[PDB]
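*Asks:* Quick one: the structure is below, and I'll ask about it shortly.
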Amino acid sequence: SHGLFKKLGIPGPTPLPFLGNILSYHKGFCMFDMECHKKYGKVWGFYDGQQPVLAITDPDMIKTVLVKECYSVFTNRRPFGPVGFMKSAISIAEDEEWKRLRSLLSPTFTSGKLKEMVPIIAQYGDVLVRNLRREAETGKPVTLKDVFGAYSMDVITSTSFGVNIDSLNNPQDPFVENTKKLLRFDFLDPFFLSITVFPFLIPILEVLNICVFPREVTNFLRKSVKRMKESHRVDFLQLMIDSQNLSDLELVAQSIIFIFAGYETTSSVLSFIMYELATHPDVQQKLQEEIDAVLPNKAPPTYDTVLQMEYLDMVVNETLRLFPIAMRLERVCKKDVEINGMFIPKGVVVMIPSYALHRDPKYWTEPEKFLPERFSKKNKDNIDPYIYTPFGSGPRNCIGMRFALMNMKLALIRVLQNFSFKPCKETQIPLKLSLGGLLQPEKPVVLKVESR
Amino acid sequence: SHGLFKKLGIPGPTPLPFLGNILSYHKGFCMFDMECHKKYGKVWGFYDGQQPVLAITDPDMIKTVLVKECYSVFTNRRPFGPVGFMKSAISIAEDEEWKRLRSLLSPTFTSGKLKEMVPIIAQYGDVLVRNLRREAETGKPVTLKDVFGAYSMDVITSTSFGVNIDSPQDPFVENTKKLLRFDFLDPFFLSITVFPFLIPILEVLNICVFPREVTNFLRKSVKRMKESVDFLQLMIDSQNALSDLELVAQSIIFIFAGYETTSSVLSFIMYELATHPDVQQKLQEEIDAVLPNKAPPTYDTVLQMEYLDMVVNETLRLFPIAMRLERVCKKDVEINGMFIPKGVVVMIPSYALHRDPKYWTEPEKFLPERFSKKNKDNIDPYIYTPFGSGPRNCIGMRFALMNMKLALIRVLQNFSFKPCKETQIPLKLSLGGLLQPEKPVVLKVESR
Ligand code: HEM
Ligand code: HEM
Ligand SMILES: CC(C)(C)OC(=O)N[C@H](CS[C@H](Cc1ccccc1)C(=O)NCCCc1cccnc1)Cc1c[nH]c2ccccc12
Ligand SMILES: CC(C)(C)OC(=O)N[C@H](CS[C@H](Cc1ccccc1)C(=O)NCCCc1cccnc1)Cc1c[nH]c2ccccc12
């Protein structure tokens, strides 16, 4: 099974028996994809254990996998487990079950539903400032993924359930404590190492009631939703019930995906943005000059005022270029196809290296440098939407893209209106990415906060 | 009563006595709303006779009228008469009668009931192609609304009653096309407006706007169609608190809407596809990709076609067949920072908002890329309202969108459309009452 790409004439690193090419992950998925992109070119193949993975970098071929042949061939992602009841999660569901859940949860993030969240999100933006004002009036360096994480959890628990959990913190809020340990794919752990190298034990662990998400975390989330479901305004929890009037299980599964996504992805990218704004004070000042122009006298940010800020979107877009927290896009080829003049066998996992494409010198000038001017309307036209895919593409893209982009901008504004950010020497410069599994910094992002 | 907007400080054209502002309708409702939107920015008021009409364009205020305070203040549309037994129609009913009829007729267009209609609709799509193949093998220019209307009547009479009607000269299409034509030159719907206080006279006089020998003919056909689950069956089960009349009133609305709205928009779409062959070809390339070897369109393959939805959405932007949205303010309110008196008709100029330069780049041009997933997030759902919004929105929106798409697929799979010189280019909209072309849409049909 390790002679598939040798047969197809597709280059790639020589796989070791059983392991495949997983030993090359010692520097992370990023550095492995960047090296393979330069070593073999537009298309290469490798093996995660006994599983062949074909990597494509052609925009037309990426457009075919993500959009053109999504419903017919490239519908599902790589099988993930053991998940237990989480198999019904929208990000894990396959084929028919995903198509029903995608249409059920699509009206959650419309332009109207999002516009209803702006007055609600505006509350915790002040709690975010008041919590930062305490750590700013006393010169105390600030870890950001904590103060950004507490704000993100308050938004997702209210925009989707209408409940207030962290009521001004409450820094040991149980949701944030449990959600931060819902899952950390560490390749050092021999669990996830075996899960990939040896994939036939997943049915063993499924009947063994084993779950990658710790039982103490799922329970706390499983019983909180049953606590949140007691008897409106029409949000994520409401859409599921009015159509349930689904099950008590699949309803909990989708809530866990929304709670994690709204917390981890929002807080991590916000920490990546503030690091770039601190290391580039010229960009931070120019961004502060635009916020004061659209919103004078520290005016509260509204739905339309956020979409007007051109430079705020450029800072968000450039940071998502350097740090695509998804790293990769994966689709499982469900049947034999010949896309763009290339045969792809059934079962092959088609992977799009987003991190490698976002830093390809053949597309970006000085790819390692933070330059928000890449996304200006003077130059945003010179960017392929299939090379820069921070939220994916096609029918199975990021469903909370418009919500995540709005909320992050609502937090950036209401912060940069009151504070400027400076490094602290105890701040890691340059920022090392996590050489482990997920895209995070090695040392947590710390920065000095000064009040304006 | 002509100093209401002068009192409230709301701008608007100076009304003439009795007439009000109706003599500005000489260019149509659409050109009157576009001019008033540019001169009387954001909010303006005018009079349809002695009836004050407040026009709003703010998305937050439109959302408040159509959605938030719909059940409480803005529940009913403008009063219309004389109507007779048609007062029990869902689109004419008011307050309690509408709420019961809206809940009664809503399950007609669920995702399951619509999915049941695809195998039935797929029959007349072949008859639509076979009737077009005769007028295509001979080089005869085709009147699109004629061949599109015969298909629309077959669908509504089977999806709602289960009867097969159109095989040429069909009595249903012939009568339904005459059911109502609001012509402002025509002096009845006119005086009805300048003089709305004689509507009661003609009521106790048994008089109506829909021709007697059109209503009778629809009135006896339903009694003929009722002999022993669809739109018809849903009501007889609640009759066994509908009556032998209110059931007939709802059937007339479903038959008219399923015929005129479907055929007219389908004609508007094929005109834009013939005047923009690049969009027509690009749409044909997507249909052959989702449905290879001319595969029959099913429920799921229709919702997959992204470009087909973008073409339908852009055509509905340029030609919103309803033109306006109207709600009657039933009690004094102060919405979004503006006082509105009781009895004022709140109007949303859909045609004017769909072509507003503060919202659309080159609004007069046909660009389906406005509704691509990349850009459709620039579109306010309260500016682009081809089916309205709120609890009293278009109840047959999901049915009309599938039916038109099911017809566009089967037609574009077999034929390409070209102008015929005798085709009106550019297309003039009807300067009269309803949104239609002046000259009928004629195009050349070539077989692939
Ligand atoms: C900076 C913030 C975020 C980024 C960069 C991001 C990125 C992504 C990407 C790249 C994908 C996969 C797309 C593909 O495979 O083509 C994805 C999927 C998904 N995202 Fe996000 N996301 C973010 C925030 C959020 C938020 C706030 C939510 C809230 C619910 C969310 C929910 C989801 C879900 C449910 C999926 C799976 C969709 C499916 O399988 O159909 N994401 N995200
Ligand atoms: C392209 C096709 C169509 C368009 C653009 C359209 C548009 C509209 C609009 C704008 C309204 C007014 C909504 C409001 O005032 O908020 C409406 C109402 C209505 N439509 Fe249509 N429509 C179409 C086809 C149909 C079809 C096929 C039916 C089949 C039954 C239908 C039945 C109705 C009914 C019954 C109402 C009144 C609902 C009520 O008053 O509660 N329409 N439509
Ligand atoms: C490399 C690792 C093992 C880390 O992840 C995977 O391999 N597990 C998925 C298959 S289920 C996945 C399971 C999950 C649930 C909660 C927290 C974390 C993990 C899931 O539910 N995820 C969406 C959760 C919320 C979210 C996150 C980020 C952005 N938006 C929303 C496959 C996958 C690999 N990379 C991806 C990038 C995007 C989407 C899916 C994947
Ligand atoms: C400018 C004029 C006077 C022409 O029209 C109005 O002012 N009279 C209505 C108040 S009753 C209206 C009466 C009616 C009934 C059958 C056929 C035609 C007319 C009615 O029931 N029509 C719905 C029939 C089904 C349908 C048609 C089109 C699209 N979808 C469904 C006010 C009104 C203005 N625009 C509208 C759009 C939809 C519904 C009502 C209105």
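*Asks:* Among the residues that make up segment A:92-104, is at least one of them assigned to a loop (DSSP other than H, G, I, E, B), within 14 Å of ligand 3 (Cβ to nearest atom) and surrounded by fewer than 17 Cβ atoms within 10 Å (Cβ to Cβ)?
*Replies:* yes
*Asks:* Please go through segment A:25-48 and pick out each residue that is touching an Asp or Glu at 6+ places or on another chain (Cβ under 8 Å) and either charged (D, E, K, R) or under 20 Å from A:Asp189 (Cα atoms) (or both).
*Replies:* Matches in segment A:25-48: A:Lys42 only.
*Asks:* When you look at A:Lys87, is it within 11 Å of chain B (Cβ to nearest Cβ), part of a helix (DSSP H, G or I) and surrounded by 16 or more Cβ atoms within 10 Å (Cβ to Cβ), yes or no?
*Replies:* no
*Asks:* Continuing with this model, one more query. What residue, of A:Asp48, A:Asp33, A:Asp60, is acidic (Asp, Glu) and surrounded by fewer than 17 Cβ atoms within 10 Å (Cβ to Cβ)?
*Replies:* A:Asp60
*Asks:* In segment B:254-287, how many are within 14 Å of chain A (Cβ to nearest Cβ) and more than 16 Å from B:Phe417 (Cβ to Cβ)?
*Replies:* Matching residues across segment B:254-287 total 1.
*Asks:* Give the residues of segment A:124-142 that are exposed (fewer than 15 other Cβ atoms within 10 Å of the Cβ) and of a type in the set (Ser, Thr, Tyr), sorted by residue number.
*Replies:* Selection gives A:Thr138 alone.
*Asks:* If you don't mind, there's one more thing I want to ask. Somewhere in segment B:359-375, is a residue touching a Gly at 6+ places or on another chain (Cβ under 8 Å), away from ligand 3 (no atom under 16 Å from the Cβ), closer than 24 Å to B:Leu431 by Cα and away from every other protein chain (no Cβ under 14 Å)?
*Replies:* Scanning segment B:359-375, I find no residue that is touching a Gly at 6+ places or on another chain (Cβ under 8 Å), away from ligand 3 (no atom under 16 Å from the Cβ), closer than 24 Å to B:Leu431 by Cα and away from every other protein chain (no Cβ under 14 Å), so the answer is no.
*Asks:* Those residues that are closer than 24 Å to A:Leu357 by Cα, over 21 Å from the mean Cα position of the chain (by Cα) and either among the β-branched types (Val, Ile, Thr) or part of a loop (DSSP other than H, G, I, E, B) (or both), I need them from segment A:57-84; list them, please.
*Replies:* A:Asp58, A:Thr64, A:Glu69, A:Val73
*Asks:* How many of the residues in segment B:225-251 are within 20 Å of B:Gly84 (Cβ to Cβ) and of a type in the set (S, T, N, Q)?
*Replies:* So the count comes out to 3.
*Asks:* Taking interchain pairs and intrachain pairs at least six residues apart, which have beta carbon atoms under 6 angstrom, with the first residue in segment A:378-406 and within 12 Å of chain B (Cβ to nearest Cβ) and the second among the polar types (S, T, N, Q) and surrounded by fewer than 20 Cβ atoms within 10 Å (Cβ to Cβ)?
*Replies:* Short answer, once both residue conditions are applied: A:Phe391/A:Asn397.
*Asks:* Sticking with this structure for a sec: Regarding segment A:72-79, can at least one residue be identified that is within 14 Å of another protein chain (Cβ to nearest Cβ), within 30 Å of B:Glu285 (Cα to Cα) and in contact with a helix residue (DSSP H, G or I) (Cβ under 7 Å, 6 or more places away or on another chain)?
*Replies:* Step one: filter segment A:72-79 for residues within 14 Å of another protein chain (Cβ to nearest Cβ), giving A:72-75.
From what is left, the residues that are within 30 Å of B:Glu285 (Cα to Cα) are A:72-75.
Still in the list and also in contact with a helix residue (DSSP H, G or I) (Cβ under 7 Å, 6 or more places away or on another chain): A:74-75.
Yes; the residues of segment A:72-79 include at least one that is within 14 Å of another protein chain (Cβ to nearest Cβ), within 30 Å of B:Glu285 (Cα to Cα) and in contact with a helix residue (DSSP H, G or I) (Cβ under 7 Å, 6 or more places away or on another chain).
*Asks:* Related question: Assuming A:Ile62 fulfils every condition listed in (1) within 14 Å of chain B (Cβ to nearest Cβ); (2) touching a strand residue (DSSP E or B) at 6+ places or on another chain (Cβ under 8 Å) apart from one, which condition is it?
*Replies:* Among (1) within 14 Å of chain B (Cβ to nearest Cβ); (2) touching a strand residue (DSSP E or B) at 6+ places or on another chain (Cβ under 8 Å), the lone unmet condition for A:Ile62 is (1).
*Asks:* Got a sec? Which of A:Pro174, A:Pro141 is touching a strand residue (DSSP E or B) at 6+ places or on another chain (Cβ under 8 Å) and over 30 Å from B:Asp300 (Cα atoms)?
*Replies:* A:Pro141
*Asks:* Just to be sure, is A:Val53 part of a strand (DSSP E or B), more than 16 Å from ligand 4 (Cβ to nearest atom) and among the β-branched types (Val, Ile, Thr)?
*Replies:* Yes; evaluated as a whole, the condition is true for this residue.
*Asks:* Let me ask something else about it. Of these, B:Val344, B:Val328, B:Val333, which one is surrounded by 14 or more Cβ atoms within 10 Å (Cβ to Cβ), farther than 22 Å from B:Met270 by Cα and within 23 Å of the chain's Cα centre (by Cα)?
*Replies:* None of the others qualify; the one that does is B:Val328.
*Asks:* Taking the options A:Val306, A:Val337, A:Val332, name whichever one is away from ligand 2 (no atom under 16 Å from the Cβ), more than 30 Å from A:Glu373 (Cβ to Cβ), of a type in the set (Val, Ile, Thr) and within 14 Å of chain B (Cβ to nearest Cβ).
*Replies:* A:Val337 is the lone residue from the list that is away from ligand 2 (no atom under 16 Å from the Cβ), more than 30 Å from A:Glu373 (Cβ to Cβ), of a type in the set (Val, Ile, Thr) and within 14 Å of chain B (Cβ to nearest Cβ).
No value in this document is a laboratory result; all are computed from the given coordinates. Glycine also receives a Cβ, built like all others from the backbone with ideal geometry; neighbour counts cover every protein chain displayed.
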